[PDB]
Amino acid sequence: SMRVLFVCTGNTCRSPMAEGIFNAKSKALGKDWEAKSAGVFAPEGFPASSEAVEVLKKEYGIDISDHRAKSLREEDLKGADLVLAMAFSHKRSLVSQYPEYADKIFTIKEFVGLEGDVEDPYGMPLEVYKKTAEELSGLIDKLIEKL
């Protein structure tokens, strides 16, 4: 009951966005759950997209300036109580990647009651990014309820 891990592709948008939203909401709830993020194909040294940094701060007052994209290791699957995919395709690859704990790898929507994918907003204007951030916050509000 400590850590949930969000994983996407480049680890520059969705998963680091969900990460910041989870950690800020949980710290404000006193809940002993923290979040981190990784990517199935992450460009390592890179920061979160400026587009993602802006929306979290402007819409929620959340700062994710310290996010650096990180490739998903087996270890982050070891140190997590739960692994949440940003898309079904992410969930698809995770059963393949690290010799399964498929019992703890879900898509974020399916773990919370719906099916589908989280919109990948990379290269999109700052309205779709707002929808992405907003879609994420809502999904996170029911997840913490379960977590």
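Residue indices: 1-based, along the sequence shown.
- A summary of the deposited B-factors shows that, of 32-40 and 94-102, the stretch with the larger mean C-alpha value is 94-102.
- Ranked within its chain, residue 139 lands in the middle third, by CA B factor from the PDB record.
- When the CA B factors of the chain's modelled residues are split into thirds, the value for residue 8 lands in the lowest one.
- In the deposited entry, the Cα temperature factor of residue 121 sits in the middle third of values across the chain's modelled residues.
- Looking at the C-alpha B-factors along this chain, the one for residue 48 belongs to the lowest third.
- Ranked by C-alpha B-factor against the other modelled residues of its chain, residue 78 falls in the highest third.
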